[PDB]
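Participant: Below are the structure tokens for one structure; questions will follow.
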Amino acid sequence: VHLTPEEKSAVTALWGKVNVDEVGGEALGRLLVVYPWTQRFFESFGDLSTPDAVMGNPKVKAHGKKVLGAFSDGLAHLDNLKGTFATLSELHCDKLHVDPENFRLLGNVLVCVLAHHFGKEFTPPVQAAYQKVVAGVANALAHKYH
Amino acid sequence: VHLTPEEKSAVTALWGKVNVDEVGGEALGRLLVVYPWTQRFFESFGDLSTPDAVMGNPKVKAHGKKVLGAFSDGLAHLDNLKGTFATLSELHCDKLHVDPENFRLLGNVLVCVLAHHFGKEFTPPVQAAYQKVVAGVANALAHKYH
Amino acid sequence: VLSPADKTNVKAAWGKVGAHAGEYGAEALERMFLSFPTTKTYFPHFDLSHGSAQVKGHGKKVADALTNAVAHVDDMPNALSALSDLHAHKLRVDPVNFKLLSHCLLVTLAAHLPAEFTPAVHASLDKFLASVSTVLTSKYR
Amino acid sequence: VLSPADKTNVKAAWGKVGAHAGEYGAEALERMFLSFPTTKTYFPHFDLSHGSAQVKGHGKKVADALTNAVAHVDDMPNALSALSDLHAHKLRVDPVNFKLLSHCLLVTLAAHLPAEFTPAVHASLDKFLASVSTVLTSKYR
Ligand code: HEM
Ligand code: HEM
Ligand code: HEM
Ligand code: HEM
């Protein structure tokens with residue numbers, strides 16, 4: 001993560017006005033709905049029969065709530081995304097076995113949730129900035145696969 | 001790259017009996033043929049109209065010859081694939097702009113050339129070993145994309 | 001494959017886009033070039049600065065090639081049959097780039113239609129662009 | 001799409017495989033589980049040790065599901081229509097895994113048919129498995 005001062009501000013300014021509670025479940029939710037196979041990891045959450053059931057399952061808005069944390073966390077430790085995610089990398093890999101290609105799917109659905117919640121404020125340059133961050137994050141968790 | 005002693009031997013024993021000259025063009029060649037879009041980077045090589053023209057173009061068996069080098073090179077520096085490829089990473093990224101997803105395609109077509117040239121000697125465990133190496137290499141060149 | 005429920009959401013969401021189609025078609029391109037720098041190696045003779053009337057003009061091509069799909073959805077492999085040769089044969093556009101686009105195209109729509117960008121239509125749109133991407137790459141298969 | 005020249009290479013290469021089909025169908029699986037550890041999260045009730053008669057037995061299913069494709073190539077979306085629901089609906093198999101397999105399946109064939117694994121047939125095979133993979137995932141589109 002380089003984040004030039006221009007980008008550094010775009011990511012901070014925006015990220016600061018983010019509904020850290022709701023936005024977190026908004027992503028996880030749409031992931032299970034748009035990429036069905038992913039529900040294969042949250043069968044202990046409940047009814048994921050329809051999108052309405054997924055967009056309401058309390059187990060989901062509680063997990064997405066914890067996911068968003070790791071971000072605010074990594075976002076406050078760009079200079080080292082590897083160290084911060086060491087723990088979660090061992091968890092998602094040698095225990096959950098999620099494929100690293102699915103960390104990119106989640107980082108993008110997130111970018112779509114931010115684009116939806118901030119509409120126009122979410123300018124192209126603001127995206128190209130977050131895309132870098134998401135990417136940097138998707139590479140830390142995938143780190144333990146070596 | 002971990003390479004446990006079992007794997008370390010499988011990769012060495014095999015790699016030692018490799019026709020370092022011919023095998024190198026065998027891969028590059030089949031890449032342009034099986035993944036056509038990739039020819040978009042070697043238009044200065046000549047006639048790539050048919051596979052026969054690609055599997056003979058001298059420009060190709062000379063470039064594949066240099067590619068295989070970097071491998072024998074990285075293969076002799078597993079403990080640090082990042083440092084060794086620093087140069088080539090800047091080249092393929094901020095100059096050639098090849099997408100990192102195409103370094104995986106080449107590493108696999110290579111595994112197929114080795115599987116073809118050593119047939120049965122190329123046991124599953126020998127593959128699962130090389131696959132790790134290829135992967136480790138495909139991540140170094142892709143490194144400068146951060 | 002696309003289901004009747006999907007068809008309805010694509011035709012629904014595209015309708016609500018209407019008039020701005022071309023505009024939107026050039027906002028996805030800029031987002032791409034910016035977020036995915038590597039995709040510019042295709043538009044040299046192009047000006048990729050914020051105002052390029054070349055990017056605006058192209059956004060109309062893409063936008064109407066898509067509107068050409070939503071209206072003939074049950075038959076894309078024939079309507080798009082032509083854009084299949086150009087992207088695969090002449091241009092040699094790497095298949096990954098069709099993914100990078102489609103993404104920016106969903107990140108554009110959500111920033112313009114915060115009402116109907118429901119988790120469902122979102123999924124319907126992603127399947128639709130997934131089918132378009134498949135058809136334009138088909139000439140490789 | 002697959003061309004007559006492709007059809008010929010698939011039907012050609014598969015013919016030369018014949019009798020060993022099932023054998024080969026279980027060698028690709030082991031290669032996968034080994035090289036791509038993450039793909040085992042689907043076969044728990046399975047024994048994935050070198051001799052598993054469960055892996056051998058499954059390799060026959062896959063092998064004959066493929067032989068079912070080469071013979072009905074012009075019509076896979078219907079013949080395979082069924083294996084489409086099972087992999088997409090019931091199983092929820094991630095689309096990436098269809099790529100990991102197809103690879104091991106080409107790394108198997110080359111290690112058994114060093115004569116006809118020409119750069120061309122290689123390309124023809126890759127397109128064929130590319131079309132099979134697409135059809136089994138289609139139920140997502
Ligand atoms: C952007 C990358 C991701 C982040 C930031 C992330 C973060 C987390 C965190 C913080 C936890 C729980 C930690 C705790 O409970 O203390 C977790 C658990 C888990 N993650 Fe991820 N994750 C990511 C992507 C994914 C993806 C793509 C999947 C695949 C479906 C996934 C599947 C899981 C599962 C199944 C659990 C639940 C484990 C449990 O029941 O505790 N994660 N993740
Ligand atoms: C496994 C990863 C790869 C390795 C080991 C590798 C290695 C190399 C090396 C050593 C050079 C030339 C260095 C020199 O001339 O001194 C080179 C150049 C180049 N590579 Fe790669 N490369 C890889 C993958 C790719 C891929 C996937 C493409 C995409 C088509 C590609 C496109 C290029 C191009 C176009 C050049 C030629 C530049 C010239 O004309 O000198 N490479 N590569
Ligand atoms: C959703 C998928 C896409 C659609 C619907 C689409 C549609 C089109 C259409 C209709 C044309 C213009 C025909 C003309 O005006 O003569 C075109 C041309 C072209 N497209 Fe795309 N395209 C898409 C994705 C891509 C991608 C992913 C790339 C590259 C990253 C690409 C590269 C090009 C190029 C190079 C041209 C020629 C433009 C020029 O150089 O003047 N297209 N596309
Ligand atoms: C080339 C593509 C593939 C073909 C042709 C294929 C074909 C088949 C066939 C014919 C069946 C067995 C039906 C039966 O005996 O009742 C099956 C079942 C199954 N396949 Fe595949 N398959 C392929 C790829 C995959 C992949 C990539 C995975 C996972 C990584 C997968 C996971 C499964 C599972 C879980 C079953 C059920 C087996 C069991 O648990 O008993 N398949 N497949």
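Following the order of the structure tokens, first chain is A, next is B, and so on, with residues numbered from 1 inside each chain and ligands from 1 in the order they appear.
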Chain D residues within 7 Å of chain B, counting only C-alpha atoms: which ones, as an MDAnalysis selection string?
Facilitator: chainID D and resid 30:31 34:35 107 110:112 114 119:120 123
Participant: Go ahead and align chain A to chain B (same sequence, so just pair every C-alpha in order, least squares) and export the moved chain as a compact mmCIF listing (two decimals) with N, CA and C atoms, in the first residue's frame.
Facilitator:
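result-v8.txt was written with the following content:
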# COMPACT_ATOMS: atom_id res chain seq x y z
N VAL A 1 8.06 -19.86 -0.43
CA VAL A 1 8.49 -21.24 -0.76
C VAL A 1 9.05 -22.00 0.44
N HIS A 2 8.31 -23.01 0.88
CA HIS A 2 8.69 -23.83 2.02
C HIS A 2 9.57 -24.98 1.59
N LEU A 3 9.05 -25.77 0.65
CA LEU A 3 9.73 -26.95 0.13
C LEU A 3 10.37 -27.77 1.24
N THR A 4 9.63 -28.77 1.70
CA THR A 4 10.11 -29.67 2.72
C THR A 4 11.17 -30.52 2.02
N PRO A 5 12.12 -31.10 2.77
CA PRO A 5 13.15 -31.92 2.13
C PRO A 5 12.64 -32.93 1.08
N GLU A 6 11.47 -33.53 1.31
CA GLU A 6 10.92 -34.47 0.33
C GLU A 6 10.82 -33.72 -0.99
N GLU A 7 10.02 -32.65 -0.99
CA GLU A 7 9.78 -31.77 -2.15
C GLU A 7 11.05 -31.19 -2.73
N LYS A 8 11.92 -30.69 -1.85
CA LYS A 8 13.19 -30.13 -2.28
C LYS A 8 13.94 -31.08 -3.23
N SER A 9 13.88 -32.39 -2.96
CA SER A 9 14.58 -33.37 -3.80
C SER A 9 13.86 -33.63 -5.12
N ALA A 10 12.54 -33.71 -5.05
CA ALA A 10 11.72 -33.94 -6.23
C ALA A 10 11.96 -32.86 -7.28
N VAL A 11 12.01 -31.61 -6.82
CA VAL A 11 12.23 -30.48 -7.71
C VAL A 11 13.65 -30.41 -8.25
N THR A 12 14.60 -30.87 -7.45
CA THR A 12 16.01 -30.84 -7.86
C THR A 12 16.36 -31.98 -8.79
N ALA A 13 16.02 -33.19 -8.37
CA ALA A 13 16.29 -34.38 -9.16
C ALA A 13 15.79 -34.22 -10.59
N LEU A 14 14.54 -33.80 -10.72
CA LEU A 14 13.89 -33.60 -12.01
C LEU A 14 14.53 -32.46 -12.78
N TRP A 15 14.52 -31.29 -12.17
CA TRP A 15 15.07 -30.10 -12.78
C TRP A 15 16.49 -30.28 -13.32
N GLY A 16 17.20 -31.26 -12.77
CA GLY A 16 18.57 -31.52 -13.18
C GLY A 16 18.69 -32.23 -14.51
N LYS A 17 17.69 -33.02 -14.86
CA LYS A 17 17.72 -33.75 -16.12
C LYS A 17 16.90 -33.02 -17.18
N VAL A 18 16.69 -31.72 -17.00
CA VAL A 18 15.89 -30.92 -17.93
C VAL A 18 16.68 -30.31 -19.08
N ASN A 19 16.17 -30.48 -20.30
CA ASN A 19 16.80 -29.93 -21.49
C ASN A 19 16.62 -28.41 -21.41
N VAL A 20 17.44 -27.75 -20.60
CA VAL A 20 17.36 -26.30 -20.38
C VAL A 20 17.25 -25.42 -21.62
N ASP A 21 17.60 -25.94 -22.79
CA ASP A 21 17.51 -25.15 -24.02
C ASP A 21 16.14 -25.28 -24.69
N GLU A 22 15.78 -26.52 -25.02
CA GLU A 22 14.52 -26.84 -25.69
C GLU A 22 13.26 -26.63 -24.86
N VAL A 23 13.28 -27.09 -23.61
CA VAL A 23 12.13 -26.96 -22.71
C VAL A 23 11.66 -25.51 -22.57
N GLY A 24 12.61 -24.58 -22.59
CA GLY A 24 12.29 -23.17 -22.45
C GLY A 24 11.40 -22.58 -23.53
N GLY A 25 11.61 -23.00 -24.78
CA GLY A 25 10.80 -22.48 -25.87
C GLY A 25 9.51 -23.25 -26.02
N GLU A 26 9.52 -24.48 -25.51
CA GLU A 26 8.38 -25.38 -25.54
C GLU A 26 7.20 -24.73 -24.81
N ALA A 27 7.49 -24.06 -23.71
CA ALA A 27 6.45 -23.40 -22.93
C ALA A 27 5.97 -22.12 -23.59
N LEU A 28 6.86 -21.14 -23.72
CA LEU A 28 6.52 -19.87 -24.34
C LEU A 28 5.71 -20.14 -25.61
N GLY A 29 6.19 -21.09 -26.41
CA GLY A 29 5.50 -21.43 -27.64
C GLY A 29 4.03 -21.77 -27.45
N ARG A 30 3.76 -22.79 -26.63
CA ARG A 30 2.40 -23.25 -26.34
C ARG A 30 1.52 -22.19 -25.66
N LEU A 31 2.14 -21.19 -25.04
CA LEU A 31 1.39 -20.13 -24.37
C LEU A 31 0.67 -19.24 -25.38
N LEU A 32 1.41 -18.84 -26.41
CA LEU A 32 0.91 -17.98 -27.48
C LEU A 32 -0.13 -18.70 -28.32
N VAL A 33 -0.01 -20.02 -28.36
CA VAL A 33 -0.91 -20.84 -29.13
C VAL A 33 -2.20 -21.16 -28.37
N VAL A 34 -2.07 -21.52 -27.09
CA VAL A 34 -3.22 -21.88 -26.26
C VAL A 34 -3.93 -20.67 -25.65
N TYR A 35 -3.20 -19.58 -25.44
CA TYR A 35 -3.80 -18.36 -24.90
C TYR A 35 -3.49 -17.21 -25.87
N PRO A 36 -4.00 -17.31 -27.11
CA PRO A 36 -3.82 -16.34 -28.20
C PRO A 36 -3.60 -14.88 -27.82
N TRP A 37 -4.43 -14.34 -26.93
CA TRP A 37 -4.26 -12.95 -26.57
C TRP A 37 -2.84 -12.60 -26.17
N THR A 38 -2.12 -13.56 -25.61
CA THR A 38 -0.74 -13.32 -25.19
C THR A 38 0.22 -12.99 -26.34
N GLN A 39 -0.16 -13.34 -27.57
CA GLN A 39 0.67 -13.05 -28.73
C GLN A 39 0.76 -11.54 -28.90
N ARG A 40 -0.15 -10.86 -28.21
CA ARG A 40 -0.24 -9.41 -28.23
C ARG A 40 1.01 -8.76 -27.64
N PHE A 41 1.96 -9.56 -27.18
CA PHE A 41 3.17 -9.00 -26.61
C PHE A 41 4.40 -9.41 -27.38
N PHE A 42 4.22 -10.28 -28.35
CA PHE A 42 5.34 -10.74 -29.15
C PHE A 42 5.00 -10.63 -30.63
N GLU A 43 4.67 -9.42 -31.07
CA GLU A 43 4.33 -9.19 -32.47
C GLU A 43 5.59 -8.91 -33.27
N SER A 44 6.68 -8.66 -32.57
CA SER A 44 7.97 -8.38 -33.20
C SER A 44 8.75 -9.66 -33.44
N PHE A 45 8.14 -10.80 -33.13
CA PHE A 45 8.81 -12.08 -33.31
C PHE A 45 8.63 -12.69 -34.69
N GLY A 46 7.50 -12.41 -35.33
CA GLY A 46 7.29 -12.95 -36.66
C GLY A 46 5.93 -13.53 -36.94
N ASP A 47 5.91 -14.58 -37.76
CA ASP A 47 4.67 -15.26 -38.11
C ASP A 47 4.20 -16.14 -36.97
N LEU A 48 3.03 -15.80 -36.43
CA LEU A 48 2.41 -16.55 -35.34
C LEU A 48 1.00 -16.90 -35.84
N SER A 49 0.92 -17.15 -37.14
CA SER A 49 -0.35 -17.46 -37.80
C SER A 49 -0.87 -18.85 -37.42
N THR A 50 0.03 -19.83 -37.46
CA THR A 50 -0.34 -21.19 -37.11
C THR A 50 0.54 -21.68 -35.97
N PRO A 51 0.16 -22.79 -35.34
CA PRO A 51 1.02 -23.27 -34.26
C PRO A 51 2.38 -23.66 -34.80
N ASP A 52 2.41 -24.21 -36.01
CA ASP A 52 3.66 -24.63 -36.64
C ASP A 52 4.63 -23.46 -36.79
N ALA A 53 4.10 -22.29 -37.11
CA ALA A 53 4.91 -21.08 -37.27
C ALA A 53 5.41 -20.58 -35.91
N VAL A 54 4.61 -20.81 -34.88
CA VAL A 54 4.96 -20.39 -33.53
C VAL A 54 5.99 -21.37 -32.96
N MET A 55 5.78 -22.66 -33.21
CA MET A 55 6.68 -23.72 -32.73
C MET A 55 7.94 -23.84 -33.57
N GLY A 56 8.33 -22.74 -34.21
CA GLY A 56 9.52 -22.76 -35.04
C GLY A 56 10.16 -21.40 -35.08
N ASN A 57 9.37 -20.36 -34.83
CA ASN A 57 9.88 -19.01 -34.83
C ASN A 57 11.09 -18.98 -33.90
N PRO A 58 12.29 -18.72 -34.44
CA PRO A 58 13.54 -18.66 -33.68
C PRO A 58 13.57 -17.59 -32.60
N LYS A 59 12.75 -16.56 -32.77
CA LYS A 59 12.68 -15.47 -31.80
C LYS A 59 12.10 -16.04 -30.51
N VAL A 60 11.19 -17.00 -30.66
CA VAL A 60 10.52 -17.66 -29.54
C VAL A 60 11.40 -18.62 -28.73
N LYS A 61 12.10 -19.54 -29.40
CA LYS A 61 12.96 -20.50 -28.71
C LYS A 61 14.19 -19.84 -28.10
N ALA A 62 14.30 -18.53 -28.31
CA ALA A 62 15.41 -17.74 -27.79
C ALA A 62 14.94 -16.96 -26.57
N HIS A 63 13.65 -16.61 -26.55
CA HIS A 63 13.07 -15.88 -25.43
C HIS A 63 12.68 -16.86 -24.34
N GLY A 64 12.14 -17.99 -24.76
CA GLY A 64 11.75 -19.02 -23.80
C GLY A 64 13.01 -19.53 -23.13
N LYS A 65 14.11 -19.46 -23.86
CA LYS A 65 15.41 -19.89 -23.37
C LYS A 65 15.88 -18.98 -22.23
N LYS A 66 15.52 -17.70 -22.31
CA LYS A 66 15.91 -16.74 -21.27
C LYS A 66 14.94 -16.80 -20.09
N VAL A 67 13.69 -17.16 -20.37
CA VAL A 67 12.66 -17.27 -19.34
C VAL A 67 13.08 -18.38 -18.38
N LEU A 68 13.33 -19.56 -18.93
CA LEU A 68 13.74 -20.74 -18.15
C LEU A 68 14.92 -20.42 -17.23
N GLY A 69 15.76 -19.47 -17.66
CA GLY A 69 16.90 -19.08 -16.86
C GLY A 69 16.44 -18.54 -15.53
N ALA A 70 15.64 -17.48 -15.58
CA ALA A 70 15.10 -16.84 -14.38
C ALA A 70 14.55 -17.85 -13.38
N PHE A 71 14.08 -18.98 -13.89
CA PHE A 71 13.53 -20.05 -13.06
C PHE A 71 14.63 -20.78 -12.33
N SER A 72 15.58 -21.29 -13.10
CA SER A 72 16.72 -22.02 -12.55
C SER A 72 17.33 -21.07 -11.53
N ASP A 73 17.21 -19.78 -11.84
CA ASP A 73 17.73 -18.74 -10.99
C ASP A 73 16.90 -18.66 -9.71
N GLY A 74 15.60 -18.47 -9.86
CA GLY A 74 14.74 -18.39 -8.70
C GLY A 74 14.76 -19.70 -7.95
N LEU A 75 14.83 -20.81 -8.68
CA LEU A 75 14.84 -22.14 -8.07
C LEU A 75 16.08 -22.35 -7.20
N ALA A 76 17.08 -21.49 -7.40
CA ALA A 76 18.31 -21.56 -6.64
C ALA A 76 18.35 -20.39 -5.66
N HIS A 77 17.17 -19.84 -5.37
CA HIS A 77 17.04 -18.70 -4.45
C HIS A 77 15.63 -18.65 -3.86
N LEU A 78 15.07 -19.82 -3.60
CA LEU A 78 13.72 -19.92 -3.05
C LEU A 78 13.53 -19.04 -1.82
N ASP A 79 14.50 -19.08 -0.92
CA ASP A 79 14.46 -18.31 0.32
C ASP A 79 14.20 -16.82 0.07
N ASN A 80 14.27 -16.41 -1.20
CA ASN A 80 14.04 -15.02 -1.55
C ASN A 80 13.74 -14.85 -3.04
N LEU A 81 12.46 -14.99 -3.39
CA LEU A 81 12.00 -14.85 -4.77
C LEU A 81 11.66 -13.40 -5.06
N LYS A 82 11.44 -12.63 -4.00
CA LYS A 82 11.10 -11.22 -4.10
C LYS A 82 12.31 -10.41 -4.57
N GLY A 83 13.42 -10.55 -3.86
CA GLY A 83 14.63 -9.83 -4.20
C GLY A 83 15.13 -10.13 -5.60
N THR A 84 15.25 -11.41 -5.91
CA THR A 84 15.73 -11.84 -7.22
C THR A 84 14.91 -11.28 -8.39
N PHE A 85 13.59 -11.19 -8.24
CA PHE A 85 12.75 -10.72 -9.34
C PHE A 85 12.40 -9.24 -9.36
N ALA A 86 12.96 -8.49 -8.42
CA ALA A 86 12.71 -7.06 -8.32
C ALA A 86 12.82 -6.37 -9.68
N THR A 87 13.90 -6.65 -10.39
CA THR A 87 14.15 -6.07 -11.70
C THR A 87 13.06 -6.43 -12.73
N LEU A 88 12.83 -7.72 -12.91
CA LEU A 88 11.84 -8.22 -13.86
C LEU A 88 10.42 -7.80 -13.49
N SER A 89 10.18 -7.55 -12.20
CA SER A 89 8.86 -7.13 -11.77
C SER A 89 8.62 -5.71 -12.28
N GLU A 90 9.61 -4.83 -12.15
CA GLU A 90 9.43 -3.47 -12.64
C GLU A 90 9.26 -3.46 -14.16
N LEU A 91 9.95 -4.37 -14.84
CA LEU A 91 9.89 -4.49 -16.29
C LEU A 91 8.50 -4.94 -16.82
N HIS A 92 8.02 -6.08 -16.33
CA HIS A 92 6.73 -6.63 -16.75
C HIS A 92 5.52 -5.82 -16.30
N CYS A 93 5.71 -4.94 -15.31
CA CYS A 93 4.60 -4.14 -14.77
C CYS A 93 4.50 -2.69 -15.25
N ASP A 94 5.49 -1.88 -14.87
CA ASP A 94 5.50 -0.47 -15.23
C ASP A 94 6.16 -0.23 -16.58
N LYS A 95 6.06 -1.21 -17.47
CA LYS A 95 6.67 -1.06 -18.79
C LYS A 95 5.99 -1.93 -19.82
N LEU A 96 5.72 -3.18 -19.44
CA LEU A 96 5.07 -4.13 -20.32
C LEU A 96 3.58 -4.20 -20.02
N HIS A 97 3.25 -4.00 -18.74
CA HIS A 97 1.87 -4.00 -18.27
C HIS A 97 1.15 -5.35 -18.39
N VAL A 98 1.89 -6.45 -18.32
CA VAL A 98 1.24 -7.75 -18.40
C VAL A 98 0.46 -7.89 -17.09
N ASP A 99 -0.71 -8.51 -17.15
CA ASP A 99 -1.56 -8.73 -15.97
C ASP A 99 -1.02 -9.93 -15.21
N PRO A 100 -0.89 -9.84 -13.87
CA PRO A 100 -0.37 -10.94 -13.06
C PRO A 100 -1.07 -12.28 -13.22
N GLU A 101 -2.27 -12.27 -13.77
CA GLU A 101 -3.03 -13.50 -13.98
C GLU A 101 -2.42 -14.34 -15.11
N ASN A 102 -1.53 -13.72 -15.89
CA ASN A 102 -0.89 -14.40 -17.00
C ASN A 102 0.45 -15.01 -16.65
N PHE A 103 0.87 -14.84 -15.40
CA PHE A 103 2.12 -15.43 -14.94
C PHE A 103 1.75 -16.79 -14.38
N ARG A 104 0.47 -16.96 -14.08
CA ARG A 104 -0.02 -18.23 -13.57
C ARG A 104 -0.26 -19.14 -14.77
N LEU A 105 -0.71 -18.55 -15.87
CA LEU A 105 -0.95 -19.33 -17.07
C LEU A 105 0.36 -19.92 -17.59
N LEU A 106 1.44 -19.15 -17.54
CA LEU A 106 2.74 -19.61 -18.00
C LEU A 106 3.37 -20.64 -17.07
N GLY A 107 3.17 -20.47 -15.77
CA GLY A 107 3.73 -21.42 -14.82
C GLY A 107 3.08 -22.78 -14.95
N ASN A 108 1.81 -22.79 -15.36
CA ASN A 108 1.06 -24.03 -15.53
C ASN A 108 1.34 -24.71 -16.85
N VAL A 109 1.53 -23.92 -17.91
CA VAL A 109 1.81 -24.53 -19.19
C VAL A 109 3.19 -25.16 -19.05
N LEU A 110 4.01 -24.60 -18.17
CA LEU A 110 5.35 -25.14 -17.93
C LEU A 110 5.19 -26.51 -17.27
N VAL A 111 4.34 -26.59 -16.26
CA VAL A 111 4.10 -27.84 -15.54
C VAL A 111 3.59 -28.90 -16.49
N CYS A 112 2.90 -28.48 -17.55
CA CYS A 112 2.38 -29.40 -18.54
C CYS A 112 3.49 -29.87 -19.48
N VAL A 113 4.48 -29.01 -19.72
CA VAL A 113 5.61 -29.36 -20.60
C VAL A 113 6.50 -30.38 -19.87
N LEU A 114 6.66 -30.19 -18.56
CA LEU A 114 7.46 -31.08 -17.73
C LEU A 114 6.74 -32.41 -17.60
N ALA A 115 5.41 -32.37 -17.55
CA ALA A 115 4.62 -33.60 -17.42
C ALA A 115 4.68 -34.42 -18.71
N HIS A 116 4.86 -33.71 -19.81
CA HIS A 116 4.94 -34.28 -21.15
C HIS A 116 6.32 -34.86 -21.41
N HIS A 117 7.36 -34.12 -21.01
CA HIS A 117 8.74 -34.55 -21.22
C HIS A 117 9.24 -35.63 -20.27
N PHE A 118 8.61 -35.78 -19.11
CA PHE A 118 9.05 -36.80 -18.16
C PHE A 118 7.96 -37.82 -17.86
N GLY A 119 6.86 -37.73 -18.60
CA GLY A 119 5.76 -38.65 -18.41
C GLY A 119 5.62 -39.16 -16.99
N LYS A 120 5.54 -40.47 -16.84
CA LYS A 120 5.37 -41.09 -15.53
C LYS A 120 6.31 -40.64 -14.41
N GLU A 121 7.57 -40.32 -14.72
CA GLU A 121 8.47 -39.87 -13.66
C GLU A 121 7.84 -38.69 -12.94
N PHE A 122 6.98 -37.97 -13.66
CA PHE A 122 6.29 -36.79 -13.13
C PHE A 122 5.07 -37.13 -12.27
N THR A 123 5.34 -37.75 -11.12
CA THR A 123 4.30 -38.17 -10.18
C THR A 123 3.52 -36.99 -9.55
N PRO A 124 2.29 -37.24 -9.06
CA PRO A 124 1.48 -36.18 -8.45
C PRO A 124 2.25 -35.35 -7.42
N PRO A 125 2.90 -36.01 -6.45
CA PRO A 125 3.65 -35.28 -5.43
C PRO A 125 4.75 -34.40 -6.01
N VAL A 126 5.29 -34.79 -7.16
CA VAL A 126 6.35 -34.01 -7.80
C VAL A 126 5.74 -32.71 -8.35
N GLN A 127 4.49 -32.81 -8.79
CA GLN A 127 3.70 -31.70 -9.34
C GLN A 127 3.32 -30.73 -8.22
N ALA A 128 2.62 -31.25 -7.21
CA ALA A 128 2.20 -30.45 -6.06
C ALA A 128 3.40 -29.69 -5.49
N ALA A 129 4.61 -30.14 -5.83
CA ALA A 129 5.82 -29.49 -5.35
C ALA A 129 6.18 -28.33 -6.26
N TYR A 130 6.17 -28.59 -7.57
CA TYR A 130 6.49 -27.59 -8.58
C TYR A 130 5.43 -26.51 -8.62
N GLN A 131 4.18 -26.90 -8.40
CA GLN A 131 3.06 -25.97 -8.38
C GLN A 131 3.32 -24.90 -7.32
N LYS A 132 3.91 -25.30 -6.20
CA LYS A 132 4.22 -24.36 -5.14
C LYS A 132 5.27 -23.36 -5.62
N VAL A 133 6.29 -23.88 -6.29
CA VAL A 133 7.37 -23.05 -6.81
C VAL A 133 6.85 -22.04 -7.82
N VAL A 134 6.12 -22.54 -8.82
CA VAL A 134 5.54 -21.70 -9.87
C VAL A 134 4.76 -20.57 -9.21
N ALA A 135 3.89 -20.95 -8.28
CA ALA A 135 3.08 -20.00 -7.54
C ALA A 135 3.98 -18.95 -6.87
N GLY A 136 5.02 -19.41 -6.17
CA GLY A 136 5.92 -18.48 -5.51
C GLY A 136 6.56 -17.51 -6.47
N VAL A 137 6.79 -17.96 -7.70
CA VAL A 137 7.41 -17.13 -8.73
C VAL A 137 6.40 -16.13 -9.30
N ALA A 138 5.18 -16.59 -9.50
CA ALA A 138 4.11 -15.76 -10.04
C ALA A 138 3.73 -14.66 -9.07
N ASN A 139 4.21 -14.74 -7.84
CA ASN A 139 3.89 -13.73 -6.84
C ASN A 139 4.99 -12.68 -6.68
N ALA A 140 6.18 -12.99 -7.18
CA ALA A 140 7.30 -12.07 -7.09
C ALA A 140 7.15 -11.02 -8.18
N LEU A 141 6.99 -11.49 -9.42
CA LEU A 141 6.83 -10.60 -10.56
C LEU A 141 5.61 -9.69 -10.34
N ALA A 142 4.57 -10.26 -9.75
CA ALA A 142 3.36 -9.50 -9.49
C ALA A 142 3.56 -8.55 -8.32
N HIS A 143 4.70 -8.66 -7.66
CA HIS A 143 4.95 -7.82 -6.50
C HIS A 143 4.90 -6.31 -6.73
N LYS A 144 5.53 -5.82 -7.80
CA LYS A 144 5.54 -4.39 -8.09
C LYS A 144 4.15 -3.75 -8.32
N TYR A 145 3.09 -4.56 -8.35
CA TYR A 145 1.74 -4.04 -8.56
C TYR A 145 1.12 -3.55 -7.25
N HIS A 146 1.95 -3.12 -6.30
CA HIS A 146 1.44 -2.63 -5.03
C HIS A 146 2.02 -1.25 -4.74
Participant: Residue 130 in chain C: which residues within 9 Å, counting only C-alpha atoms, same-chain residues fewer than 4 positions away excluded, as a PyMOL selection string?
Facilitator: (chain C and resi 98-99+102+125-126+134-135) or (chain D and resi 141)
Participant: Select all residues from chain D having any atom no more than 12 Å from an atom of chain C (counting only C-alpha atoms, ignoring ligands), output as an MDAnalysis selection string.
Facilitator: chainID D and resid 1:3 6:7 77 81 84 123:141
Participant: Could you list, as a VMD selection string, all the residues within 9 Å of ligand 3, counting only C-alpha atoms and all ligand atoms?
Facilitator: chain C and resid 32 to 33 38 to 46 54 57 to 66 69 80 83 86 to 87 91 to 102 105 129 to 130 132 to 133 136
Participant: Mind pulling up the distance from CA of residue 122 in chain D to atom 19 (C, counted along the ligand's line) of ligand 2?
Facilitator: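 Atom-to-atom, atom 19 (C, counted along the ligand's line) of ligand 2 and CA of residue 122 in chain D are spaced 23.4 Å apart.
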Participant: Any chance you could list, as a ChimeraX atom specification, the residues in range 21-134 of chain D that come up helix (DSSP H, G or I) when DSSP is run on the backbone?
Facilitator: /D:21-35,37-40,53-70,73-79,81-90,97-109,119-134
Participant: Could you tell me how far CA of residue 67 in chain C sits from CA of residue 21 in chain C, in Å to one decimal place?
Facilitator: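 Calculated distance between CA of residue 21 in chain C and CA of residue 67 in chain C is 8.4 Å.
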Participant: For atom 35 (C, counted along the ligand's line) of ligand 2 and CA of residue 104 in chain D, determine how far apart the two atoms are, in Å to one decimal place.
Facilitator: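 Between these atoms lies a distance of 27.1 Å.
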